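Right, one structure below, let's go through it.
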Protein chains: 6
Amino acid sequence: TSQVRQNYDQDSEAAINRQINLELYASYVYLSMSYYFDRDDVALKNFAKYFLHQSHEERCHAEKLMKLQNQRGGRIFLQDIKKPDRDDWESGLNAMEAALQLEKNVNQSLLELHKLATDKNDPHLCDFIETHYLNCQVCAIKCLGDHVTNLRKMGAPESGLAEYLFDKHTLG
Amino acid sequence: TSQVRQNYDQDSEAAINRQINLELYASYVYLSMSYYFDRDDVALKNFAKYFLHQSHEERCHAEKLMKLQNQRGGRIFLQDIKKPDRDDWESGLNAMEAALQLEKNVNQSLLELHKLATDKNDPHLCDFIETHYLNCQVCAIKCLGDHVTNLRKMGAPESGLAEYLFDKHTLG
Amino acid sequence: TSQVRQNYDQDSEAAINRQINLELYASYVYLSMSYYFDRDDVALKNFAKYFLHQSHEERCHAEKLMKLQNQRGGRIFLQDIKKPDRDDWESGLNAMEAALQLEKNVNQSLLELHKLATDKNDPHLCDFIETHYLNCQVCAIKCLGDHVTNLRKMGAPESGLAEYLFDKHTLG
Amino acid sequence: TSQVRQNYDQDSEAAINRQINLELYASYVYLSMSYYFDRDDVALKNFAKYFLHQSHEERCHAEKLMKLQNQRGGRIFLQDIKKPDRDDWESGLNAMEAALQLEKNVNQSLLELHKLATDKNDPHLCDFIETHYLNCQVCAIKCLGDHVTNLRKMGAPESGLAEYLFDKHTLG
Amino acid sequence: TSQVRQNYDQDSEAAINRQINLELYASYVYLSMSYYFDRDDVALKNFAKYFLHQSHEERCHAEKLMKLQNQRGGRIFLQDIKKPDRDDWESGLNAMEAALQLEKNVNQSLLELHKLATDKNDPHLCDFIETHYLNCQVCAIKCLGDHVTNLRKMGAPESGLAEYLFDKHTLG
Amino acid sequence: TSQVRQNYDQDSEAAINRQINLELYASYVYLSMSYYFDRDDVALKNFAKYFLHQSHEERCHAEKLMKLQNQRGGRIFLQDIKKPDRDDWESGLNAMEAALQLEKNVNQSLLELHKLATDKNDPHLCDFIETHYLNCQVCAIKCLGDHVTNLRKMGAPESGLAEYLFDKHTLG
Ligand SMILES: [Ca+2]
Ligand SMILES: [Ca+2]
C-alpha cells in the first residue's frame, strides 16, 4: 500500500498500465510510418516529419501516464511494445487512414478507461483523461480525417503528384 | 457516416444543432438591446457597447458549437433565427434583467445538453460543455445579477441619473 | 417622432429595416457555407476561413445600417433571419457561384434602396449607400467573379486537385 | 433566494460552507507548523517558509470557495476555526507526515463533496472541484509523500544533520 | 527555558498569545465582511476588495506577532479563531462602522498590552508595539472614521447611489 | 534492389536492424529506471531526470540508425521492443551499475557491428559507427563508472543520505 494512494482502484491502476503500453505502441507505429516515407523510394520528407512528430507525441502521453501512475500511488508495470502490423505502408493516403484507425482505437481505449473511472467514482482520474486525452483525440482524429479526405480528392494514391503536393502544402 | 464519428449519439448531434440555434438567437437578442441604447432617445453608449459585445460573444459561442459538430462528425442544420421578444427594451435596468433571464435560459439549455451527454456516456461532450460553457454562464449570470442589483439600488429605472452614472462608472 | 429626424422619409426607413434583415440573412448564408468547408469530408480550411470572414463582414454591414437608422431618427424593427437555401453546398465552385448570386442580390436591393432615396430626394441616404455599400458590392462581385472563373478553368468541381490548390493559392 | 441561483442544491451549498471551514482549518494547521520551525530550539527557516506558504495556499482555496458560493447564489456562513490538535510538532519529518494526513483528509472531503455534486446533477460544481481542487490535492499529496520518503531515507528524525540538509537542499 | 529569553515576563508572553488570536479574529471579521459585498444582492466590489485587503493585513500582523513571540523566547499557543458576530453586514456604512469598532477594540487591547509591557519594564516589547501597531491603528481608525463620515453624509445607507459612488470614488 | 544501394552487404543491413532494436530496448530500459525514481517511495527527481534524458538519447541513436538504413538503401524491419529485466531497480547505485552494463552491452554490439563492417570492407558504415557511437559509448561508460564509484564511496545504498546528496550534487 502506497502512502499517497487514495481512492485509486485496482482496476484503474492496471488499466493505466494497460494504457501506457498502448500509447507506447501507437508511438512505435508512428515511428514506423515516419521512416517509411524517408525511404529513397517513397521520398516524402514532410509525411516523414509529420509522423515522427506524431510519434514523439504518443511517447509524451505515455510518460504522462507513467507520471499519473506514480502520482496516485499505483505501480508501473511495462510490457513488450509489440511491433507495428506492417513494415511497408504503401502510400501517403494509406498511412493516413491507418493512423485514423490507430487514433480511433486509442480513443476507444481512453473512453473505456474513462467509463471505468466513472464506475469506480474516481473524479481525479476522470478529469485527467478528459483534459489530457479525450479532447486531443477528437482533434487528432479530425485532423486525420481531413488529410485523408484531401488526399482522396486530390487523386491519391494513383496520382503521385497528389501525394507530392499534399506533402508540400499541408504537411509543409 | 462520418469517418471521424465515434461515441457520438444522434440525440447529442440534434441537441448540439439546437444549442447552436439558441446561441444565434441570444446573439440576436443582444444585438437588439445594443442598438436600443444607441437610439437618440435612450443615448447610453456604454449599455450599447456592453450588449454589442455580448452579442458578438454569443455568436462566437455559436461558431464554436458548429466547430464541435464537425469535429465529432455530426452534420450541421441551421434553422431560422427567431426575432427578439421586443424592439423597445424600456430601460437599462430592464434590459439588464432580460439579459439575466436570457442567460439563465441558455444555461438551462446547456444543463439539459450536459445531462444528455452523461446519459449517453459521452465524456468528451461533457468536458466540452464543462470547460467552455457551464463555467462562462455562471460568471455571466453573476455579472448580470450584479448589474441588475446596482441599477436597482442606484434608483433605476425611476432615476435617469442612476442609469447615466452606471453607464459611465460600471459599463465605461 | 425623433428630435433628430429631418428629411428622412418613412418609406426609406422601412427600406432600411428590410436591408438590415437582408444583410443579416447574407451573413447567415455565409456562416453556413464556412462551416460546410469545415466538415471532415470537405476539408477546405481556407474556403471555411474565407466565408467565415464574409459572414463577419456582412454582419458588420447590418450593424452600420442599424446605426444609420438611429442616426436619422428612424426606428429599428428586426425580423426572423431565415435559414439559407441549402445545408450542403457541394463544392468550392458551387459555393462561389452561390456567393456571387447572393452578392448581386444584395446589390440589387441596395440599388433599389438608392433609387428610393433619390425619389424621396434624400441626398444623405444616397451618399451613405454610395460610399459605404455600392463600392464594396462592385468589388465583392468582381472578387467572386474571378474566383468562380479560376475554379472553372482549373477543372472544378470534377477536379478535386483544383479545389485543393485554389484553397491554398488564392484563398491562402 | 438569489436571482442568479440555478441548479444549486441546498445540500451542495451547505457542503461548500463546510468545506470553506475545512480549508481555513488547514490554513491554521500549517500556520502553526510554520512558526514551530521558526522557534530558536527547532530553527529550520525553510521548513517554516514552506509551511507558511502552504498556509497561505489553503487560505486562498477557502477564499476561492467563498467566491464560488456567491457566484452560484449560495450564502456564506462562517464557523469558528478550530485550533490545530498540536502545539509542538516534534520534528520536520513528523510535521511532514502530519501535513500528508491533513491533505488526504481535505482530499477525502473534496471527493465526498464531488460525489454529492454528482448525486445532484450539478456539473458546474463538478468541474469547479476537478479543476481547482482535485488535481491540486493529488500533486500536493505526492509532494509530501516524497518529502516524507526522503527524510526517512536520510535518517530523520534521529539525525539532526538530516533534517538540516533537507531544509537546505529540498526546501531551499 | 529558551536560550534567547531575556527580560521577557511570563505575563507579557501570555498577553502576546492573546493578541495573536485577536489579530487573527479581526482578520476573520474582515474576510466575512469582504465576501458580504461580493454577494450578488450587495454587489460592491471595491468594498469587497477593500475589506479583503484589511483582512490580509490583520493576518500579517498576527504573523509578525507570532514571530515576536519566538524572537523573545516565548512559546506560541493557538486558540480557536471565533467566528464573527454577523453573517449579514447590512450595508457599506454599517460594515464601515463595525470595522471602526473592531479597530478601536484591537487598539484598546494593544494599549493594555503596552502598559503591561511597561509595568514589566520591557522596553523592547514596548517599542515593538509603538512602531508596528499603535500608529497603524490610529491611522486605520481615522481612515475608517473618515469613511463613515462620507458614507453618512452622502446619505448612506438609505441611498444606494451613495454607497455605489463611494465604492467607485473612494474605494476605487 | 535499391537505387541508392552500393557496397552495403546483406549482413550489414540485417545487423543495423538488429542494432536499431537494441538501441530502442536500451531506451526502454532507461525509461523504466527513470520512472522508478519518480515513485513516491524512491523520490529522487534528478536520478529520474538523468535516466529520462538517457532514454531520449537512446531513441535518437535508434532513429539515426533507421536514417542510416534508408540512407544506404537497406530496408528497416522493426521488432517487438522487449520489456526491461526488472520493474523495481532497488536503489540509485543499483540502477547506475545496471546502466553501466547496459552501455557496455550495447558497446559490445557496436564493436561487433564495426568488425563486420570492416570484414565486409564498408568504410562508410565504419566511419558512421566510429564517429556516432564508439566514442559516445566510451564517454557514457566512463560517466557511469564514475557515478557508481562516487555512490559506492558515499555509503550507498545503505546510506539514504548518500543517494540524496548525490542526486543533488552530481545529477543536479
Ligand atoms: Ca457621393
Ligand atoms: Ca472536467
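Each chain of the C-alpha cells is named A, B, ... in the order shown, its residues numbered from 1; ligands are numbered from 1 in display order.
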
Close residues, residue 67 in chain E itself excluded, 9 Å, only C-alpha atoms, min 3 positions apart in chain, as a ChimeraX atom specification: /D:35,38-39 /E:62-64,70-72

Expected selection as an mmCIF file with N, CA and C atoms, in the first residue's frame for ligand 1 within 9 Å, only C-alpha atoms and all ligand atoms:
data_model
loop_
_atom_site.group_PDB
_atom_site.id
_atom_site.type_symbol
_atom_site.label_atom_id
_atom_site.label_comp_id
_atom_site.auth_asym_id
_atom_site.auth_seq_id
_atom_site.Cartn_x
_atom_site.Cartn_y
_atom_site.Cartn_z
ATOM 1 N N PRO C 123 -30.505 63.160 -50.268
ATOM 2 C CA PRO C 123 -29.094 63.060 -50.632
ATOM 3 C C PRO C 123 -28.219 62.337 -49.614
ATOM 4 N N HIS C 124 -28.473 62.556 -48.326
ATOM 5 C CA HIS C 124 -27.675 61.902 -47.296
ATOM 6 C C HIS C 124 -27.773 60.387 -47.360
ATOM 7 N N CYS C 126 -28.530 58.717 -49.984
ATOM 8 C CA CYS C 126 -27.901 58.339 -51.236
ATOM 9 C C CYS C 126 -26.401 58.211 -51.080
ATOM 10 N N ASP C 127 -25.794 59.175 -50.398
ATOM 11 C CA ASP C 127 -24.354 59.163 -50.205
ATOM 12 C C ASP C 127 -23.919 58.040 -49.275
ATOM 13 N N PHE C 128 -24.707 57.783 -48.242
ATOM 14 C CA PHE C 128 -24.391 56.718 -47.304
ATOM 15 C C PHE C 128 -24.337 55.379 -48.040
ATOM 16 N N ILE C 129 -25.224 55.208 -49.016
ATOM 17 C CA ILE C 129 -25.284 53.974 -49.792
ATOM 18 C C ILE C 129 -24.183 53.882 -50.842
ATOM 19 N N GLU C 130 -23.866 55.011 -51.468
ATOM 20 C CA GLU C 130 -22.823 55.083 -52.494
ATOM 21 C C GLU C 130 -21.441 54.768 -51.903
ATOM 22 N N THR C 131 -21.117 55.478 -50.826
ATOM 23 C CA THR C 131 -19.837 55.354 -50.139
ATOM 24 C C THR C 131 -19.622 54.050 -49.365
#

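For chain C, the residues within 8 Å of chain A are residues 40, 41, 42, 43, 159, 160, 161, 164 and 168 of chain C, with only C-alpha atoms used to measure distance.
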
Enumerate, as number ranges by chain, the complete set of residues in range 88-129 of chain D that a backbone-based DSSP assignment places in helix (DSSP H, G or I). D: 92-119, 123-129

I'd like the interatomic distance between CA of residue 75 in chain D and CA of residue 61 in chain D, to a tenth of an Å.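 Separation of CA of residue 75 in chain D and CA of residue 61 in chain D: 17.0 Å.
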